[PDB]
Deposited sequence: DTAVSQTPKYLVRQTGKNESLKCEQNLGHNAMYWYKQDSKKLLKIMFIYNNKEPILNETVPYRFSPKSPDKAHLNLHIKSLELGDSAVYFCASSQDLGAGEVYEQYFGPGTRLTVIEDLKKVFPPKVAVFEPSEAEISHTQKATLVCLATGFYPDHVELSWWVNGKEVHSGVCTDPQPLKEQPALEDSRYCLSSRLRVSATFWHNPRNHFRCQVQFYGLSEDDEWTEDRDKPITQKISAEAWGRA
């Protein structure tokens, strides 16, 4: 395997704090790029580096390039506008007439908050199949709801008998605001798993919906939302 790698994958921090985004590519490419992608989903170039030199461009954002395989982003005095997914990219070369495709990293999703009091881990619930459709179809559909979390940094996954399944699974592409018109709304996420009824009526088949929540690195009685996994479960019935 060879690709543009980027760390971390998720980040939630307070305004005014300082942070480092790091990007690495082992493709032999000489040209590296940083892209910002706001919530209105447009990719805006930020920086272009080539053989350790600035080509294109605030000094809150201070790119560093120790060598040609790494272009790191060091950010100071975080503000609310800094919230986006930051994509790192690279090219074989800057063209000198001909052109080179860019390869993109997986992104870093960065949310900045006025204060942590808005960060909430998800509640997760499972909704067993309706015995009505097992009549009509012989297939069984489980829905998983992850609700009331903030920020929208979550990964949902299905586990059957202790191992992760990608089969019969449809998850929402992205979490959605519970109440899209409010500033302090939380997010919900939905998913469904479908097997055939014989698989489901067996009391030994064990289903677990798992959301990985990425949260905090707090005076309140409620425990703080640090990165964690939350799951809900059901066993076969009927």
Gaps in the model (deposited sequence, numbered from 1): 58-60, 221-224
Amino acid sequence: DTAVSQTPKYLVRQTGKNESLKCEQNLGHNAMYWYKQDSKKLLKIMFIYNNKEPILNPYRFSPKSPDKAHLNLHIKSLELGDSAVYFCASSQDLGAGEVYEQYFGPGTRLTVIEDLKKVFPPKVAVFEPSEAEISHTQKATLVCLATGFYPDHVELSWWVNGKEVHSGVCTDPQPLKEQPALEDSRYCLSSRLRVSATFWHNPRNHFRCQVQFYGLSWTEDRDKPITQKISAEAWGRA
From here on, numbers count along this sequence of modelled residues.
Per the PDB record, is the mean Cα temperature factor higher over 126-134 or over 86-94? 126-134
Of 175-183 and 203-211, the one with larger mean CA B-factor: 203-211
When the CA B-factors of 196, 30, 191, 37 are compared as recorded in the entry, which is the largest? 196
So among 101, 152, 115, 155, who wins on Cα B-factor in the entry? 115
By its CA B factor, does residue 143 count among the lowest, middle or highest third of the modelled residues in the chain? lowest
Relative to the other modelled residues of the same chain, rank the CA B-factor of residue 81 and answer lowest, middle or highest third. middle
Residue 108 CA temperature factor, ranked by third within the chain: lowest
Split the chain's modelled residues into thirds by Cα B-factor; residue 5 lands in the lowest
Can you tell me which third, lowest, middle or highest, the CA B-factor of residue 11 falls into for its chain? lowest
